[PDB]
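Input: a single structure, listed below in structure tokens.
We count ligands from 1, going down the list as the structure has it; atoms in each ligand are counted the same way. To find a chain, count down the sequence lines: A is the first, B the second, and so on, and within it residues start at 1. Note that these values count all heavy atoms, side chains included, but never hydrogens, waters or copies made by symmetry.
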2 protein chains.
Amino acid sequence: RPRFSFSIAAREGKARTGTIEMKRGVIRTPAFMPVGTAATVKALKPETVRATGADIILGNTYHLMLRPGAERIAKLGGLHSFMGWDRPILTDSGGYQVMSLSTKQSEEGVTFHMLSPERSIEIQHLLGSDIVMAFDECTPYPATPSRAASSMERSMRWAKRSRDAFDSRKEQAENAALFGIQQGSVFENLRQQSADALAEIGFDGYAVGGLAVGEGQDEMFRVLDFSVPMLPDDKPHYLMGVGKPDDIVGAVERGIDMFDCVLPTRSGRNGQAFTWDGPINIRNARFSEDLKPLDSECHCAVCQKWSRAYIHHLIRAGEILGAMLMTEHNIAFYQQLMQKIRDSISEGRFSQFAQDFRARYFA
Amino acid sequence: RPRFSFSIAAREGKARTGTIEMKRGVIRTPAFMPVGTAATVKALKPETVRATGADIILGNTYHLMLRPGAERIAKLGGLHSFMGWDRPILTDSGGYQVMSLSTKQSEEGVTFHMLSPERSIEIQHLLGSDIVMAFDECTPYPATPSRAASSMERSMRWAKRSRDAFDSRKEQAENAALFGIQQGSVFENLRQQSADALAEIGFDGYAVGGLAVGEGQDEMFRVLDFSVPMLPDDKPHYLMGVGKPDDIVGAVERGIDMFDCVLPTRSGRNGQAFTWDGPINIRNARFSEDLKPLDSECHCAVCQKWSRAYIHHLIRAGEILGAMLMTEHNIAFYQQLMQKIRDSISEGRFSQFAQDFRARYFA
Ligand SMILES: NCc1c[nH]c2nc(N)[nH]c(=O)c12
Ligand SMILES: NCc1c[nH]c2nc(N)[nH]c(=O)c12
Ligand SMILES: [Zn+2]
Ligand SMILES: [Zn+2]
């Protein structure tokens, strides 16, 4: 089992499919990562997360540093042992959540309590993270060229510090991997600058940051169109915070290999279930006596046993079992979507799938 | 598979152990019944409920009639299919919950919307219930002899109507069982009257109602001491709403065969975990870094994988996984307790177990 090895087994247009091999397991790409804020994928046992098909989950550095604390988790044995997930875990750097949830921004780091590239990397280390994200700053939207160019440059300076900070910890540099994050809002030249700086520094994977921050899909794809190709080709492409079904498909078409989103998890607890015929709000009075499963084709355990009527009942009653079932279904649905995407690329029919998917999903 | 057959395989003092065979499954007695208010045992999949060892769960008639509705559940296929539990389900009559949650009391029934012995039995029928409880009135505490004697008499009149109402539905009388409920507060003569009236009417099992309503353990045992022996011996004895660990033990000593309680479920979601060394509030700051399981001997899946520190973290953070794990552990603990009780009675050492249990549980 190598530390980190990405191989592409099939392509079609900019879309790719393959695997990322790591010490804790193999990750099939394009991949969807369930989000594990607070050392738990909301409402699911790790085994249930694994059963839906997930090969890797995302853990948040911001939230865990506060509660229960990095050193503490490290003392208990690391995040994997703490939550009971023994497969790869990717941990965000915290830059995104800090400037979103709690601010004194300088060059050393950020204050809300100082969080610096150096500290971020150590935190991800104590957690026992498999894929460390470089500490950065997600530029808000909109953002004048100047602003977008300031954040980006500072980010790129943090990228270098993140890299060195990572390479100094012998046991970390040898067991985990490091991804750099490109920034630069919706500006072509800024994206390019960022890409070059990152490639110059060297990273195991490259994420596209600062998107899906409010610019809408059209814009996002447009930006993705020139940005993704800037990143090296023989390395994984990670689109951060993107997860609407339709978004994943388009991003994969444009070359993205990894996704992470709370939509599946959060949407579920609230009453939205994803189906191949588009989403549905199970709370609707029209499912009250519907004996059909959430989705007619879904292979998840929830769609094999319970009806929409039952789940409708659970959700309107505010029962925990309701959130459990909805969430298992949504994540399972997302993983089936990723499976259909990998398979279609391996067969050279991704283009048609993408087309058949949108027709039905939006019919 | 018979409709309802109770057999005692071992005894010691007033304690008994045996099985209750029904069409949907065998029930090992003394038995503990997880409470399923709203067609779901809070935070658990039916399989997980079964995994803890439960042979039967209790469903509430009051709550289900309101939401989602009896006829509706019957239309979807019955409670078993609706929630995904194919084993026996005992359904309370609703008398208890009506005069507790929402009142116009007469002889025909109760108004809060009329709920009558006749309607109660039909509701339990539409639900597809295996053990139907007679519709009754749980006398509040305290209660002057006169009051306690009024409720009781009316209850006993309802017992008769419940019985006939039950025997008229050919397919119900042939597949389900009917329990009568003794009432009479803490008064010996009233309890006796009730017992005779019930035995005169004839029932498949007898429950002891109106206890654990605020009289405290000492009083409850005292009342149980003369009340339990009044009920027939070759039939199951059901103590309603009793579940504190120590309470179950004492009641079994006094002849009780069946228990139902929310303590396990509700207590869990709130932060209390049962251990053989007494309960603990996992929220306490002293478990923050405790790598030991909830209980050192518990065989449940939760105690096999996660630590008190992790669960401590989940509960303080208000995470759903926290309630899931705590609840699975508590119900599993209750079932292990029942297993230890059945085994000790089968070996003639229940007395010593009861003694060893209290010494440690309260040390
Ligand atoms: N929507 C952009 C985004 C999501 N998550 C992120 N995490 C980091 N570190 N940076 C980013 O720009 C983002
Ligand atoms: N604590 C007494 C009790 C619990 N559940 C009950 N259900 C019914 N029908 N009657 C009762 O008296 C009780
Ligand atoms: Zn499903
Ligand atoms: Zn346990």
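Between A:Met240, A:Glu137, A:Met99, it is A:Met240 that holds the heavy atom closest to atom 4 (C) of ligand 1.
No donor-acceptor distance shorter than 3.5 angstrom exists from the side chain of A:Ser120 to the backbone of A:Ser116, with no hydrogens or angles considered. With hydrogens and angles disregarded, no donor-acceptor distance shorter than 3.5 Å links the side chain of B:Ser151 to the backbone of B:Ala148. Here the side chain of B:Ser267 pairs no donor or acceptor atom with the backbone of B:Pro264 at under 3.5 angstrom.
When the Zn ion (ligand 3) is compared with the N/O/S atoms of A:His329, atom ND1 turns out nearest.
Which parts of ligand 1 touch A:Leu211 is read off a 4.0 Å heavy-atom cut-off, strictly below it: atoms 1 (N), 2 (C). Listed by number with element, the atoms of ligand 1 under 4.0 Å from a non-hydrogen atom of A:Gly209 are 12 (O). Atoms of ligand 2 lying under 4.0 Å from any heavy atom of B:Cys138, numbered from 1 in the order shown and given with element: 2 (C), 11 (C), 12 (O).
Of all the heavy atoms of A:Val242, none lies under 4.0 Å from any atom of ligand 1, so neither backbone nor side chain is involved.
Residue contacts with ligand 1 include A:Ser93, since one of its heavy atoms falls under 4.0 Å from the ligand. The shortest heavy-atom distance from A:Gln183 to ligand 1 is under 4.0 Å.
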May I have the step-by-step check of salt bridge (charged side-chain N to carboxylate O under 4.0 Å, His left out) for A:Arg50 and A:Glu47, ending in yes or no?
CA-CA 5 Å; A:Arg50 174 53 178 168; A:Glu47 54 194 291; over 6 Å; no

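Partner of A:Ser129 under the side chain to side chain donor-acceptor pair (under 3.5 Å) criterion, chosen from A:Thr61, A:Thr91, A:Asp92: A:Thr91. For the ring-ring contact (aromatic ring centres under 6.0 Å, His included) with A:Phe135, the qualifying choice from A:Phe166, A:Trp158, A:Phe179 is A:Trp158, the only one to do so.
Counting heavy atoms from C-beta outward, A:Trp276 and A:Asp295 have side chains that approach closer than 4.5 Å.
Scanning all protein heavy atoms for the shortest distance to atom 9 (N) of ligand 1 gives A:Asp136 OD1, 2.8 Å. When hydrogens are left out, the protein atom nearest atom 5 (N) of ligand 1 is A:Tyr96 CD2, 3.5 Å; that is the closest non-hydrogen contact. Annotation: atom 7 (N) of ligand 1 to nearest protein heavy atom, A:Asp92 OD2, 3.0 Å.
Salt-bridge check for A:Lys305 with A:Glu328: failed, with every basic side-chain N at 4.0 Å or more from each acidic carboxylate O.
Polar contact with ligand 2: present for B:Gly210 (N/O pair, distance under 3.5 Å).
Both tests do not hold together for B:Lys45 against A:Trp306: distance to the six-membered ring centre under 6.0 Å, angle to the ring axis within 45°.
Geometry note: the Zn ion (ligand 3) is the vertex, A:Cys303 SG and A:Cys298 SG are the arms, and the angle is 120° (rounded to 10 degrees).
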